[PDB]
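Quick heads-up: it's one chain on its own, the form deposited in one PDB entry, in structure tokens.
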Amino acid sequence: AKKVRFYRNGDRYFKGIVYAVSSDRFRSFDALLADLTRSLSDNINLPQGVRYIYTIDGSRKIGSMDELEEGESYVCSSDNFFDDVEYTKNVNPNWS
């Protein structure tokens, strides 16, 4: 199975969560967005859960699991617009 990292729109501090994505573990794209809503929404992020998935630079939206690329990052959003913030990842070798 394919691993990809998901971020939440406009959150500069949250470092993403890695998902193993396959048909075995998500029977539909909307089952994936429901799971991303649970793992990514909180009191301050995603007021309507995950409804849109963008590429890391917000150039386009992802509409199916097959568009998801192994090892890339994606930004989950409640909104039909991309927040062009500095998304971040760890550099400390003790943690990655």
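Quick note: we count residues from 1 along the sequence shown, nothing fancier. If you superpose the two forms and keep the largest set of C-alpha atoms that fall within 1.5 Å, you have the rigid core.
What follows is about the form deposited in another entry, which we do not show.
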{"query": "Core-superposed comparison between the shown form and the other one, residue 88 Cα displacement 2 Å or beyond", "finding": "yes"}
{"query": "Residue 43 C-alpha shift between the shown form and the other one of 2 Å or more, rigid core reference", "finding": "yes"}
{"query": "Shift in CA distance, residue 26 and residue 89, in the other form relative to the form shown here, given it is 3 Å or more", "finding": "farther"}
{"query": "Closer or farther in the other form, the Cα atoms of residue 91 and residue 6, when the shift from this form is 3 Å or more", "finding": "closer"}
